[PDB]
There are 6 protein chains.
Amino acid sequence: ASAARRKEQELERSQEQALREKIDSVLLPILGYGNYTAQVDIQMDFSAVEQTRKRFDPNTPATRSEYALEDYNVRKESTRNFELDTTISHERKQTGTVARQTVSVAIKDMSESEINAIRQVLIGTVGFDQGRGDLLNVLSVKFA
Amino acid sequence: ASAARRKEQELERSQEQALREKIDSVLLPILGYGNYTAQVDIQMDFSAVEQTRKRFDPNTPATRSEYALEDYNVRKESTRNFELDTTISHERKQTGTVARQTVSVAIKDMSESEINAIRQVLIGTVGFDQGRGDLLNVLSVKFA
Amino acid sequence: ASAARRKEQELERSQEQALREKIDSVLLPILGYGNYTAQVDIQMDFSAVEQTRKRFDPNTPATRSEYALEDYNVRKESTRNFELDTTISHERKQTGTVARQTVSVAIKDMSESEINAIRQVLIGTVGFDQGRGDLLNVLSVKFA
Amino acid sequence: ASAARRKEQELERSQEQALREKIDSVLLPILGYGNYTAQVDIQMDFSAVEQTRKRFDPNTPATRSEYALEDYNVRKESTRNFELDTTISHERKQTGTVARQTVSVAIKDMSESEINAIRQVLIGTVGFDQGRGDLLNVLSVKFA
Amino acid sequence: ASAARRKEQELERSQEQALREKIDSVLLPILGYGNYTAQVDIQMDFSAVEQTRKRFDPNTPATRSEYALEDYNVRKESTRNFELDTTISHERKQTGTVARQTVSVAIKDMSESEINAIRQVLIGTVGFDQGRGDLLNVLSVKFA
Amino acid sequence: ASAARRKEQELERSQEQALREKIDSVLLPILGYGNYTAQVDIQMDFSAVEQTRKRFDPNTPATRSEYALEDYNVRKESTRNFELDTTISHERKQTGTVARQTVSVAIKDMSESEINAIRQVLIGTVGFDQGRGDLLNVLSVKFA
């Protein structure tokens, strides 16, 4: 029960560790050893979702049987059968999708252009996405 | 029964410990050894939620059988059958989701800008989220 | 359960590693050792989708049986049967399709034409596709 | 489950390797050793599609039984049966079809005619096809 | 599953190898060693198609039974049976048909007539067919 | 499955080899050693076709039973039975029929009459047939 849950926790940590390497592999040759520091956080969910969809197309009907009666003298009778396009889809979702991620970078003292360029580099280095509400902050402060 | 519950408690502590490392890895090189102190708290729940949804689309009907009678002289009769889009979803929730989290940081004596910058760094260092009603306080006081 | 999921994670890393070789095999002879740095990221999904389609062609009907009555004096009666073209398709999707990919390249200090040419080379070196919302950034910054 | 999927990945790499030989066998004697560089990418899918078609020909009917009544005095009655041409087709698709392919070639420094001729040679050397949205770029840049 | 698929790949390579010999057996005695280079590509499919056709001839009917009534005074009645020509065909397609093929030939430096003659020779040497959208390019470029 | 298919490939090669001997047995004593070169290609199919035909002769009917009534006063009634000629044919097609064939011959340097005569000889030497869209080209070029 709770034995497996702890394992899940460890997995999250692993993800963070991976990120903590990648940012280390890019900022080190450009900024320098001891002139930067950063940390990351990854939050995920472990739900279990299944979906079954069964759709129809009402705009394309096909007739199979038809009966009509038009007895004037005004008796009018009609009986028709139809066949429709059916689509069935069955989907199972993954377990462990990343929900949110936060990255913070502090640089020892910079102009606006340099910070913007470093942020642009980190955009591809990390993979920031605005759809998931991700967070990425880069700034320069005085060390001590 | 109660043997497993205690384990859950330990898990919470582990989470706090993790945070107590991350804040230590960022504030130490910028502020300095012995010039800061902080503690965290994490509160979670261990419920068990299952959901089953079965939705329909009323705006897209598809006809299958149709019978009509229009006997004037004004007898009018109609009988129709319909087919609708059906969606079935089954979801199971996780056990151990984080509900609230509190972070407090005290700095030995600072200007407003420095405190704001440190708070901004901690925002990404911790992962503060306003949706869950999280709490983060950073301030400077005189030590003794 | 969770034992296999971790394996999936490793697979993603492998993909990134492959890319980290290819960019190394092209930029090295043109730019030079120690004058560039780059990192990549690949995000995928592990869903399980099955589809079953059953289509009809309403514009091409074929008659099988026909009965008519035209008793004037105005009794009119008709009864027809039809046969239609039926197409049945069953599809199963893959597991592990690439969703998004980000590439970032920084070059030590360049004119606009050189950067454009390097980007064009990397376009075929990596395989950037705008349909998936892929990201590729190449820029030049001052190293330290 | 995931053990076989990795194998699929390896297969893709093999394809690329093959291409990386063919371009090496053509450009080497014409351009020269150390005056060119190139890389390729191949993306495929591993779906499983089955199709069953059952077509009819409505323009060519054949009568089998016919009954008629033409009682004047105007009773008119008709009843006919028909036989139609039926075609049944069952198809199974392959697994591992190539979807897209990208080729990029850089030549150390050229006139437009020479680049056009090299592109024309590579057209048959690789097998570029516009139907699949393939990509082939050849250009000349200054090396370092 | 995937073990046999790889074998299919090898088969394709074999085809190319065969072509790479035939062009070598014709161009070598006429052009000379070291004055030409060429490569080929063959793309095939591995589907599985089955067909069943059941055709009729409506223009040639044969009567079997006939009943008529011609009671004047105007009662007219007729009932006829027919026999028709039936043809049944069952076909199974091959696996591994060649879809497209590309040939590219470069000759070290030529007049238009010589290139046209070499192309004409290669037409029969390879078997170029316009129905399948085959590609054959022969040109002369300056070597280095 | 695929083991036998490869064998089929080998068979095709054998056919070509046979042709490569026959042209060698005719052109050698008339043209001379080292004054000619040629190659052939044979493309076949490996389908499986079965046919069943069931034909009738409507122009030759034979009466078996006949009933007539001619009650004047104008009641007219007739009922006849017929017997027809039936032909049943069952056919099974071969596997490995030759579809197309290409022959190309180059002669070291000729007048039009000599080339026409050599083409006429090769017509019977090979067996060129225009029904299958066969290809045969004979020409003279300068060797090197």
# chains A, B, ... in the order shown; residues from 1 in each chain; ligands from 1

$ calpha_fit_and_write --fixed "chain C" --moving "chain F" --output "PDB file with C-alpha atoms, in the first residue's frame"
ATOM      1  CA  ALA F   1       3.583  -1.300 -11.705  1.00  0.00           C
ATOM      2  CA  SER F   2       6.048   1.516 -11.028  1.00  0.00           C
ATOM      3  CA  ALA F   3       9.076  -0.637 -11.909  1.00  0.00           C
ATOM      4  CA  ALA F   4       8.402  -0.406 -15.652  1.00  0.00           C
ATOM      5  CA  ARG F   5       7.549   3.313 -15.527  1.00  0.00           C
ATOM      6  CA  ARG F   6      11.107   4.191 -14.489  1.00  0.00           C
ATOM      7  CA  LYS F   7      12.366   2.326 -17.564  1.00  0.00           C
ATOM      8  CA  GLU F   8      10.279   4.672 -19.714  1.00  0.00           C
ATOM      9  CA  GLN F   9      12.116   7.614 -18.150  1.00  0.00           C
ATOM     10  CA  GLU F  10      15.475   6.118 -19.109  1.00  0.00           C
ATOM     11  CA  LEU F  11      14.279   5.747 -22.696  1.00  0.00           C
ATOM     12  CA  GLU F  12      13.632   9.487 -22.935  1.00  0.00           C
ATOM     13  CA  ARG F  13      17.174  10.207 -21.759  1.00  0.00           C
ATOM     14  CA  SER F  14      18.535   7.923 -24.476  1.00  0.00           C
ATOM     15  CA  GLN F  15      16.763   9.994 -27.125  1.00  0.00           C
ATOM     16  CA  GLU F  16      18.346  13.189 -25.821  1.00  0.00           C
ATOM     17  CA  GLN F  17      21.766  11.536 -25.803  1.00  0.00           C
ATOM     18  CA  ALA F  18      21.377  10.646 -29.477  1.00  0.00           C
ATOM     19  CA  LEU F  19      20.644  14.267 -30.338  1.00  0.00           C
ATOM     20  CA  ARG F  20      23.578  15.419 -28.213  1.00  0.00           C
ATOM     21  CA  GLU F  21      25.808  13.365 -30.500  1.00  0.00           C
ATOM     22  CA  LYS F  22      24.409  14.547 -33.835  1.00  0.00           C
ATOM     23  CA  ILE F  23      24.781  18.256 -33.071  1.00  0.00           C
ATOM     24  CA  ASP F  24      28.297  17.403 -31.888  1.00  0.00           C
ATOM     25  CA  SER F  25      29.082  15.763 -35.240  1.00  0.00           C
ATOM     26  CA  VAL F  26      28.152  18.840 -37.315  1.00  0.00           C
ATOM     27  CA  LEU F  27      29.066  21.931 -35.289  1.00  0.00           C
ATOM     28  CA  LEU F  28      32.502  20.650 -34.241  1.00  0.00           C
ATOM     29  CA  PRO F  29      34.289  20.771 -37.649  1.00  0.00           C
ATOM     30  CA  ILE F  30      32.779  24.153 -38.610  1.00  0.00           C
ATOM     31  CA  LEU F  31      32.799  26.098 -35.327  1.00  0.00           C
ATOM     32  CA  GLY F  32      35.656  24.483 -33.405  1.00  0.00           C
ATOM     33  CA  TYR F  33      36.325  22.790 -30.079  1.00  0.00           C
ATOM     34  CA  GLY F  34      35.338  24.934 -27.109  1.00  0.00           C
ATOM     35  CA  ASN F  35      33.473  27.617 -29.080  1.00  0.00           C
ATOM     36  CA  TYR F  36      29.923  26.293 -28.619  1.00  0.00           C
ATOM     37  CA  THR F  37      27.557  24.582 -26.198  1.00  0.00           C
ATOM     38  CA  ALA F  38      24.096  23.087 -26.575  1.00  0.00           C
ATOM     39  CA  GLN F  39      21.469  20.995 -24.814  1.00  0.00           C
ATOM     40  CA  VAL F  40      18.249  19.298 -25.907  1.00  0.00           C
ATOM     41  CA  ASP F  41      15.012  18.074 -24.341  1.00  0.00           C
ATOM     42  CA  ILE F  42      12.455  15.532 -25.552  1.00  0.00           C
ATOM     43  CA  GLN F  43       8.978  15.095 -24.054  1.00  0.00           C
ATOM     44  CA  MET F  44       6.779  12.147 -25.023  1.00  0.00           C
ATOM     45  CA  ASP F  45       3.563  10.406 -24.004  1.00  0.00           C
ATOM     46  CA  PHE F  46       2.724   6.766 -23.291  1.00  0.00           C
ATOM     47  CA  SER F  47      -1.017   6.550 -23.906  1.00  0.00           C
ATOM     48  CA  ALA F  48      -2.846   3.631 -25.536  1.00  0.00           C
ATOM     49  CA  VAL F  49      -5.356   4.523 -28.262  1.00  0.00           C
ATOM     50  CA  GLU F  50      -7.517   2.150 -30.308  1.00  0.00           C
ATOM     51  CA  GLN F  51      -9.882   3.194 -33.092  1.00  0.00           C
ATOM     52  CA  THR F  52     -12.645   1.427 -35.022  1.00  0.00           C
ATOM     53  CA  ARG F  53     -14.295   3.223 -37.948  1.00  0.00           C
ATOM     54  CA  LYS F  54     -17.278   1.980 -39.973  1.00  0.00           C
ATOM     55  CA  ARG F  55     -18.070   4.304 -42.880  1.00  0.00           C
ATOM     56  CA  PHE F  56     -20.805   4.358 -45.527  1.00  0.00           C
ATOM     57  CA  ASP F  57     -21.229   5.913 -48.974  1.00  0.00           C
ATOM     58  CA  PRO F  58     -24.710   7.468 -49.306  1.00  0.00           C
ATOM     59  CA  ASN F  59     -24.228   8.870 -52.825  1.00  0.00           C
ATOM     60  CA  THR F  60     -23.946   5.422 -54.489  1.00  0.00           C
ATOM     61  CA  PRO F  61     -27.008   3.273 -53.735  1.00  0.00           C
ATOM     62  CA  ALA F  62     -27.717  -0.077 -55.371  1.00  0.00           C
ATOM     63  CA  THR F  63     -31.255  -1.438 -55.619  1.00  0.00           C
ATOM     64  CA  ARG F  64     -31.991  -5.080 -54.802  1.00  0.00           C
ATOM     65  CA  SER F  65     -35.788  -5.461 -54.644  1.00  0.00           C
ATOM     66  CA  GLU F  66     -38.482  -3.122 -55.934  1.00  0.00           C
ATOM     67  CA  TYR F  67     -42.286  -3.163 -55.735  1.00  0.00           C
ATOM     68  CA  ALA F  68     -44.541  -0.539 -57.312  1.00  0.00           C
ATOM     69  CA  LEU F  69     -48.271   0.120 -57.640  1.00  0.00           C
ATOM     70  CA  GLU F  70     -49.790   2.842 -59.838  1.00  0.00           C
ATOM     71  CA  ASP F  71     -53.565   2.390 -59.629  1.00  0.00           C
ATOM     72  CA  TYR F  72     -55.178   5.388 -61.337  1.00  0.00           C
ATOM     73  CA  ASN F  73     -58.921   5.936 -61.815  1.00  0.00           C
ATOM     74  CA  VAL F  74     -54.586   7.998 -57.562  1.00  0.00           C
ATOM     75  CA  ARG F  75     -53.179   5.138 -55.492  1.00  0.00           C
ATOM     76  CA  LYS F  76     -49.376   5.197 -55.608  1.00  0.00           C
ATOM     77  CA  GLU F  77     -47.249   2.760 -53.603  1.00  0.00           C
ATOM     78  CA  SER F  78     -43.528   1.996 -53.633  1.00  0.00           C
ATOM     79  CA  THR F  79     -41.214  -0.282 -51.647  1.00  0.00           C
ATOM     80  CA  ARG F  80     -37.494  -0.531 -52.403  1.00  0.00           C
ATOM     81  CA  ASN F  81     -34.471  -2.181 -50.805  1.00  0.00           C
ATOM     82  CA  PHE F  82     -30.914  -0.877 -51.044  1.00  0.00           C
ATOM     83  CA  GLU F  83     -27.341  -2.108 -50.668  1.00  0.00           C
ATOM     84  CA  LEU F  84     -24.507   0.214 -49.672  1.00  0.00           C
ATOM     85  CA  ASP F  85     -20.715   0.250 -49.628  1.00  0.00           C
ATOM     86  CA  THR F  86     -19.315  -0.577 -46.182  1.00  0.00           C
ATOM     87  CA  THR F  87     -15.749   0.096 -45.028  1.00  0.00           C
ATOM     88  CA  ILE F  88     -14.400  -1.173 -41.696  1.00  0.00           C
ATOM     89  CA  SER F  89     -11.065   0.021 -40.305  1.00  0.00           C
ATOM     90  CA  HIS F  90      -9.309  -1.005 -37.087  1.00  0.00           C
ATOM     91  CA  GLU F  91      -6.265   0.972 -35.940  1.00  0.00           C
ATOM     92  CA  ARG F  92      -3.928   0.705 -32.953  1.00  0.00           C
ATOM     93  CA  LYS F  93      -1.609   3.581 -32.080  1.00  0.00           C
ATOM     94  CA  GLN F  94       2.034   3.487 -31.016  1.00  0.00           C
ATOM     95  CA  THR F  95       3.338   4.005 -27.473  1.00  0.00           C
ATOM     96  CA  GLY F  96       6.103   6.571 -27.074  1.00  0.00           C
ATOM     97  CA  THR F  97       5.471   9.198 -29.737  1.00  0.00           C
ATOM     98  CA  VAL F  98       7.528  12.381 -29.442  1.00  0.00           C
ATOM     99  CA  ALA F  99       5.362  15.377 -28.534  1.00  0.00           C
ATOM    100  CA  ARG F 100       7.731  18.358 -28.216  1.00  0.00           C
ATOM    101  CA  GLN F 101      11.451  19.025 -28.521  1.00  0.00           C
ATOM    102  CA  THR F 102      13.630  22.015 -27.623  1.00  0.00           C
ATOM    103  CA  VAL F 103      17.137  22.829 -28.875  1.00  0.00           C
ATOM    104  CA  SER F 104      19.298  25.735 -27.681  1.00  0.00           C
ATOM    105  CA  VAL F 105      22.706  26.648 -29.127  1.00  0.00           C
ATOM    106  CA  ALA F 106      25.096  29.332 -27.857  1.00  0.00           C
ATOM    107  CA  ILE F 107      28.128  30.415 -29.897  1.00  0.00           C
ATOM    108  CA  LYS F 108      31.120  32.285 -28.498  1.00  0.00           C
ATOM    109  CA  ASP F 109      31.734  35.665 -30.120  1.00  0.00           C
ATOM    110  CA  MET F 110      28.607  37.182 -35.383  1.00  0.00           C
ATOM    111  CA  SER F 111      26.745  38.536 -38.398  1.00  0.00           C
ATOM    112  CA  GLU F 112      23.101  37.778 -39.134  1.00  0.00           C
ATOM    113  CA  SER F 113      23.941  35.749 -42.248  1.00  0.00           C
ATOM    114  CA  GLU F 114      26.250  33.349 -40.396  1.00  0.00           C
ATOM    115  CA  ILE F 115      23.669  32.721 -37.667  1.00  0.00           C
ATOM    116  CA  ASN F 116      20.970  32.182 -40.298  1.00  0.00           C
ATOM    117  CA  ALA F 117      23.171  29.681 -42.150  1.00  0.00           C
ATOM    118  CA  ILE F 118      23.990  27.782 -38.947  1.00  0.00           C
ATOM    119  CA  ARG F 119      20.278  27.676 -38.109  1.00  0.00           C
ATOM    120  CA  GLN F 120      19.533  26.334 -41.595  1.00  0.00           C
ATOM    121  CA  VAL F 121      22.157  23.608 -41.142  1.00  0.00           C
ATOM    122  CA  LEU F 122      20.728  22.689 -37.735  1.00  0.00           C
ATOM    123  CA  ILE F 123      17.239  22.533 -39.282  1.00  0.00           C
ATOM    124  CA  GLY F 124      18.238  19.432 -41.226  1.00  0.00           C
ATOM    125  CA  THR F 125      20.682  18.225 -38.578  1.00  0.00           C
ATOM    126  CA  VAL F 126      17.916  17.973 -35.953  1.00  0.00           C
ATOM    127  CA  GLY F 127      14.663  17.794 -37.912  1.00  0.00           C
ATOM    128  CA  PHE F 128      12.745  20.808 -36.633  1.00  0.00           C
ATOM    129  CA  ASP F 129       9.007  20.588 -37.332  1.00  0.00           C
ATOM    130  CA  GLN F 130       6.543  23.427 -36.785  1.00  0.00           C
ATOM    131  CA  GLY F 131       3.515  21.124 -36.633  1.00  0.00           C
ATOM    132  CA  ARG F 132       4.431  19.791 -33.184  1.00  0.00           C
ATOM    133  CA  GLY F 133       5.323  23.220 -31.797  1.00  0.00           C
ATOM    134  CA  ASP F 134       9.033  22.416 -31.709  1.00  0.00           C
ATOM    135  CA  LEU F 135      11.535  24.989 -30.462  1.00  0.00           C
ATOM    136  CA  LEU F 136      14.988  25.810 -31.838  1.00  0.00           C
ATOM    137  CA  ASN F 137      17.029  28.816 -30.699  1.00  0.00           C
ATOM    138  CA  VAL F 138      20.547  29.710 -31.858  1.00  0.00           C
ATOM    139  CA  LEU F 139      22.353  32.782 -30.551  1.00  0.00           C
ATOM    140  CA  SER F 140      25.781  34.249 -29.822  1.00  0.00           C
ATOM    141  CA  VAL F 141      26.868  35.494 -26.387  1.00  0.00           C
ATOM    142  CA  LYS F 142      30.098  36.592 -24.737  1.00  0.00           C
ATOM    143  CA  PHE F 143      31.779  33.828 -22.747  1.00  0.00           C
ATOM    144  CA  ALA F 144      33.776  34.160 -19.535  1.00  0.00           C
TER     145      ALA F 144
END

$ select_by_dssp --residues "chain D" --states "strand (DSSP E or B)" --output "PyMOL selection string"
chain D and resi 36-44+48-56+62-71+75-83+86-92+98-108+135-141

$ select_by_dssp --residues "chain C" --states "helix (DSSP H, G or I)" --output "VMD selection string"
chain C and resid 2 to 31 112 to 127

$ decode --residues "segment 3-44 of chain E" --atoms "C-alpha atoms" --output "CSV table (one decimal), in the first residue's frame"
chain,number,residue,atom,x,y,z
E,3,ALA,CA,12.6,-9.8,-35.7
E,4,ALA,CA,11.2,-10.6,-39.2
E,5,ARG,CA,10.7,-6.9,-40.1
E,6,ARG,CA,14.5,-6.3,-39.9
E,7,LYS,CA,15.0,-9.1,-42.5
E,8,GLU,CA,12.7,-7.2,-44.9
E,9,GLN,CA,15.1,-4.2,-44.6
E,10,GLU,CA,18.1,-6.4,-45.6
E,11,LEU,CA,16.2,-7.6,-48.6
E,12,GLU,CA,15.8,-4.0,-49.9
E,13,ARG,CA,19.5,-3.5,-49.6
E,14,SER,CA,20.2,-6.6,-51.6
E,15,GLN,CA,18.1,-5.2,-54.5
E,16,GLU,CA,20.2,-2.0,-54.5
E,17,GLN,CA,23.4,-4.0,-54.5
E,18,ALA,CA,22.2,-5.9,-57.6
E,19,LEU,CA,21.6,-2.6,-59.4
E,20,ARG,CA,25.0,-1.3,-58.2
E,21,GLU,CA,26.6,-4.2,-60.1
E,22,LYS,CA,24.7,-3.8,-63.4
E,23,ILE,CA,25.5,-0.2,-63.8
E,24,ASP,CA,29.1,-1.1,-63.0
E,25,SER,CA,29.1,-3.7,-65.8
E,26,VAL,CA,28.0,-1.3,-68.5
E,27,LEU,CA,29.6,2.1,-67.7
E,28,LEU,CA,33.0,0.7,-66.9
E,29,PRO,CA,34.1,-0.4,-70.4
E,30,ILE,CA,32.8,2.7,-72.1
E,31,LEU,CA,33.6,5.5,-69.6
E,32,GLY,CA,36.6,4.2,-67.8
E,33,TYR,CA,37.8,3.4,-64.2
E,34,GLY,CA,37.5,6.4,-62.0
E,35,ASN,CA,35.6,8.7,-64.3
E,36,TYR,CA,32.1,8.0,-62.9
E,37,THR,CA,30.1,7.4,-59.8
E,38,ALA,CA,26.5,6.4,-59.1
E,39,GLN,CA,24.1,5.3,-56.4
E,40,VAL,CA,20.6,3.8,-56.4
E,41,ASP,CA,17.6,3.5,-54.1
E,42,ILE,CA,14.7,1.1,-54.0
E,43,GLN,CA,11.5,1.6,-51.9
E,44,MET,CA,8.9,-1.2,-51.6
